[PDB]
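Following: one structure in structure tokens, then a few remarks.
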Amino acid sequence: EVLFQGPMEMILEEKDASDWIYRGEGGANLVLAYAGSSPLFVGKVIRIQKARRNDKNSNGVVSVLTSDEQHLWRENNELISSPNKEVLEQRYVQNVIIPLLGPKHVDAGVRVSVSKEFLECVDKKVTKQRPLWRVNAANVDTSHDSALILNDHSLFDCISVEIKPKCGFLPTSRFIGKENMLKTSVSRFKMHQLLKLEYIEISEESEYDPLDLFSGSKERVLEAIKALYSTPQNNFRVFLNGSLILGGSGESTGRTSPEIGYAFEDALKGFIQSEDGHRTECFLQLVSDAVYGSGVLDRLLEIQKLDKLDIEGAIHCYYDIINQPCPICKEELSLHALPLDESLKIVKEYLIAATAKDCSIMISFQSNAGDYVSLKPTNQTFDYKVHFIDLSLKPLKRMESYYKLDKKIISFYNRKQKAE
Ligand SMILES: O=P(O)(O)O[C@H]1[C@@H](OP(=O)(O)O)[C@H](OP(=O)(O)O)[C@H](O)[C@H](OP(=O)(O)O)[C@H]1OP(=O)(O)O
Ligand SMILES: Nc1ncnc2c1ncn2[C@@H]1O[C@H](COP(=O)(O)OP(=O)(O)OP(=O)(O)O)[C@@H](O)[C@H]1O
Ligand SMILES: [Mg+2]
Ligand SMILES: [Zn+2]
């Protein structure tokens, strides 16, 4: 009844850069929340890929996947034919992860086209709010023609929490050698804290142990969340309506000092309804109920355990996949006696586990003022949602780095334990 021009593909131009604020960032992507007008963007974030400042198929053409990654992920043509890295992460989540993890807490993204001018702006603008050692190691990849749009998981007063639970299980492989028996006793997360000190990457050993979080015991789950609150590092963040109010911003943070402790107790003023000196403890018993009560950590743990054999065994399958003289083996004859397809599934499955040990989850909480919980103490009812984030695809080449880091972790823990 009045001409509406047919559909078109959204393309953020240089104009539209002023509409997004720095939200955070990891070692790979740059997240920014929307501050403007359009309903196509109210309550959404945009995920832009950074590129390390140090760094192609056999015609010297930039390539989404090596041949081996091509072969390894071939059980899905959609996925191994992705022309750029955004559809690739978008099809990894839809075709590999969502079938494993269920679709209810996992939102594959939506691609938006973007100009090089857009990306060159957001970089210039945000580099103020980034931690300094993030800029000096990765800027915005100003070649991509796509970026990711997701729902913002700190909105719908609202208080959101972000957990990075990491690997919550002990290996039991035959391929773990006697000198490394400790790996069957101490969580890699625990043995990793030492080496991180020996590199001033944290200042205090973490209170947190992922064996508690994943124990499935609501009691030890509460220990974890209390341990997270205490020594947050890069495992625990809290935001009040979009803004951080505990934990690091694109980085980890030192112990929670009482000063922070009192700033957080009041930060919760009114959201939690309680008397001073008791709102922090309620907030922690409310996050523990939403964690436990969703059963979301359980299937998460099921994927992590696709790491059946530990890097000490999967490493050997990898030098098969890329046909190579196993450096490790010198003088298995077993793992190396496996049909190619079985070599492939171990390496494949190990990398899908690496995705699960590395994602985060975000529980979001709104006010009284269906899906919910009720603080046993303060007679309040909050509603919540839980979502995963950073289900990225780990590059195959990294099997060698996975191994070399594992080797160092236990090698360091061994000696620092024998020293006594
Ligand atoms: O231990 P390394 O290798 O440095 O890094 C870990 C991980 O690599 P991998 O675990 O998949 O090998 C990185 O993956 P990427 O983001 O590059 O895809 C990040 O998730 C990083 O987080 P960050 O510390 O930057 O926040 C992790 O460190 P964490 O141990 O502190 O969680
Ligand atoms: N959908 C979302 N809603 C709200 N915040 C988000 C969302 N996605 C990412 N973030 C924030 O941006 C930060 C970095 O994003 P993301 O994890 O996707 O990139 P990454 O570099 O792979 O990081 P990580 O290794 O921490 O998962 C996260 O720590 C998170 O707080
Ligand atoms: Mg990542
Ligand atoms: Zn070998």
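The way I read the labels, and the way they are meant: chains A, B, ... in the order of the structure tokens, residue 1 as the first residue of every chain, and ligand 1 as the first ligand shown, with later ones counted on from there.
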Could I get the residues of chain A with an atom no further than 7 Å from an atom of ligand 4, each paired with its nearest atom pair and that distance in Å to one decimal, using only C-alpha atoms and all ligand atoms, sorted by chain and residue number, as CSV?
```
residue,atom,partner,partner_atom_place_in_ligand_line,distance
A:316,CA,ligand 4,1 (Zn),4.1
A:326,CA,ligand 4,1 (Zn),4.6
A:327,CA,ligand 4,1 (Zn),6.9
A:328,CA,ligand 4,1 (Zn),5.3
A:329,CA,ligand 4,1 (Zn),4.2
A:332,CA,ligand 4,1 (Zn),5.4
A:336,CA,ligand 4,1 (Zn),6.3
```
**OP:** If you run DSSP over the backbone, which residues in range 214-399 of chain A end up strand (DSSP E)? Put them as number ranges by chain.
**Re:** A: 236-240, 243-246, 360-366, 373-374, 381-389
Residues as selected, C-alpha atoms, written as a PDB file, in the first residue's frame, can you do that?
```pdb
ATOM      1  CA  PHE A 236      35.040 -14.304  37.381  1.00  0.00           C
ATOM      2  CA  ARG A 237      33.512 -10.942  36.522  1.00  0.00           C
ATOM      3  CA  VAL A 238      30.429  -9.070  37.693  1.00  0.00           C
ATOM      4  CA  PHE A 239      28.781  -6.204  35.813  1.00  0.00           C
ATOM      5  CA  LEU A 240      26.049  -3.858  36.976  1.00  0.00           C
ATOM      6  CA  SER A 243      29.534  -2.014  33.571  1.00  0.00           C
ATOM      7  CA  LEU A 244      32.169  -4.057  35.370  1.00  0.00           C
ATOM      8  CA  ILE A 245      32.027  -3.836  39.182  1.00  0.00           C
ATOM      9  CA  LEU A 246      34.426  -6.674  40.078  1.00  0.00           C
ATOM     10  CA  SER A 360      32.766 -18.853  29.522  1.00  0.00           C
ATOM     11  CA  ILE A 361      29.223 -18.681  30.784  1.00  0.00           C
ATOM     12  CA  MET A 362      27.207 -15.617  31.721  1.00  0.00           C
ATOM     13  CA  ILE A 363      24.346 -15.733  34.233  1.00  0.00           C
ATOM     14  CA  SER A 364      22.284 -12.557  34.145  1.00  0.00           C
ATOM     15  CA  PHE A 365      20.000 -11.330  36.923  1.00  0.00           C
ATOM     16  CA  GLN A 366      17.094  -8.848  37.048  1.00  0.00           C
ATOM     17  CA  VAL A 373      15.466 -18.612  41.587  1.00  0.00           C
ATOM     18  CA  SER A 374      14.652 -17.353  45.079  1.00  0.00           C
ATOM     19  CA  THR A 381      12.643 -13.582  43.573  1.00  0.00           C
ATOM     20  CA  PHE A 382      15.164 -13.013  40.770  1.00  0.00           C
ATOM     21  CA  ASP A 383      14.808 -14.223  37.202  1.00  0.00           C
ATOM     22  CA  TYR A 384      17.908 -15.319  35.284  1.00  0.00           C
ATOM     23  CA  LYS A 385      19.299 -16.661  32.033  1.00  0.00           C
ATOM     24  CA  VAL A 386      22.501 -18.573  31.304  1.00  0.00           C
ATOM     25  CA  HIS A 387      24.490 -18.501  28.071  1.00  0.00           C
ATOM     26  CA  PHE A 388      27.806 -19.749  26.789  1.00  0.00           C
ATOM     27  CA  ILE A 389      30.358 -17.530  25.063  1.00  0.00           C
TER      28      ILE A 389
END
```
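Distances here use only C-alpha atoms; by that measure, the residue among A:47, A:105, A:407, A:56 closest to residue 86 in chain A is A:47.
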Original post:
Using only C-alpha atoms, which of the listed residues (A:37, A:225, A:378, A:200) sits closest to residue 275 in chain A?
Top reply: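 Nearest to residue 275 in chain A: A:378.
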Subject >> Residues within 6 Å of ligand 2, counting only C-alpha atoms and all ligand atoms, as a PyMOL selection string >> reply: chain A and resi 24-29+31+150-154+359-360+389-390
Original post:
Which residues in range 8-254 of chain A does DSSP call helix (DSSP H, G or I)? List them as a count of residues only.
Top reply: 82
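Our summary of the geometry notes that CA of residue 72 in chain A is positioned 26.1 Å from CA of residue 48 in chain A.
Remark: for residue 294 in chain A, the closest of the candidate residues A:307, A:219, A:358, A:371 is A:371 (distances computed over only C-alpha atoms).
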